[PDB]
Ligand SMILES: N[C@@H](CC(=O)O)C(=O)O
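Only one chain comes next, encoded as structure tokens, the form solved without ligand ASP.
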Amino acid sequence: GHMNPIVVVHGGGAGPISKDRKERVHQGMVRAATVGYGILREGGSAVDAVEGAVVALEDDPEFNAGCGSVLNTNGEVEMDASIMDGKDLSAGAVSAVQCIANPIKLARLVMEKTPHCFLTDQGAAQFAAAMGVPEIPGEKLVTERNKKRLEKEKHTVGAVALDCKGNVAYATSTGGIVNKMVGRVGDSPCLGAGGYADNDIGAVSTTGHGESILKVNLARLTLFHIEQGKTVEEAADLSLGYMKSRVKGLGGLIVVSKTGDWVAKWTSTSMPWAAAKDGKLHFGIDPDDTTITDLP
């Protein structure tokens, strides 16, 4: 039974987003989801699809990952990412990486080129250089906008896919939270928290307050509820409902089951998202604002 592929993408939990920013975010989200879907509709893998979708958002300055990442307490971008393949649980992740364009791609290089799942900071820096990953200057990742945020504070992106072959996958990438301590790691590179992908269940990517997501293991908690025979929506409502009640943390996630069902749900104010299935594009930011367009 060859399945109808689906990709879902998110541009991060957010507070209120302005009318103008919404529109730029919309273009970036459509573009990411369009890249992802293209891979899937040419018979690509779920992993290829999630990596592609998230590179798109890393490169795009309107999203807090890669270029457009928030800056740590010291004005520099430090980035976290992870990828996971649902068929064998193979996984790749990186924490505290700097001076590279695409943390998610290196997260894949960890998964594919090493016996390990997770490299960090100085070690992740060395492995990149060794794999032929270029080093780009700091300001290349630093935007003027994120400088104003940092000074104003002082004084996450993801994807899930189901492919033709029935494989599920997730990728997540982030700059983290603004003015963070040097070396702060969030949920993104910690499988079970930043995401989790399993062919016997499905795949999820999360976003929001990184510490809360970790404490509760939101991704695996959503998939627990699914293994229990709750729908993708019900499952999201419980796990998010739990992070809210138990630890007062808010965020969002995206999930696709092995049966093809999907949903974006969030307890933050907004979470830009887009999905693609059966030549149709589903987009939303605020609850109920969802649109559907022909995606030929």
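In case it trips you up, residue 1 is the first one in the sequence shown, and so on.
This protein has a second form, the form deposited with ligand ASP bound, left out of what is shown; the following refers to that one.
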| item | value |
| --- | --- |
| The unique member of 82, 205, 222, 156 whose heavy atoms fall within 4.5 Å of ligand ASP in the entry with it bound | 156 |
| All of 215, 239 and 249 within 4.5 Å of ligand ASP in the entry with it bound, heavy atom check | no |
| Contact flag, residue 184 vs ligand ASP in the entry with it bound, heavy atom cut 4.5 Å | yes |
| Ligand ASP contact at residue 96 in the entry with it bound, heavy atom, 4.5 Å | no |
| Residue 190: touches ligand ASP in the entry with it bound, heavy atom cutoff 4.5 angstroms | no |
| 4.5 Å heavy atom contact, residue 142 and ligand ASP in the entry with it bound | no |
| Partner-proximal stretch of 122-130, 158-166, 100-108, 207-215 relative to ligand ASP in the entry with it bound, 4.5 angstroms, heavy atom | 207-215 |
| Any residue of 164-179 that, in the entry with it bound, places a heavy atom within 4.5 Å of ligand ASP | 174, 176, 177 |
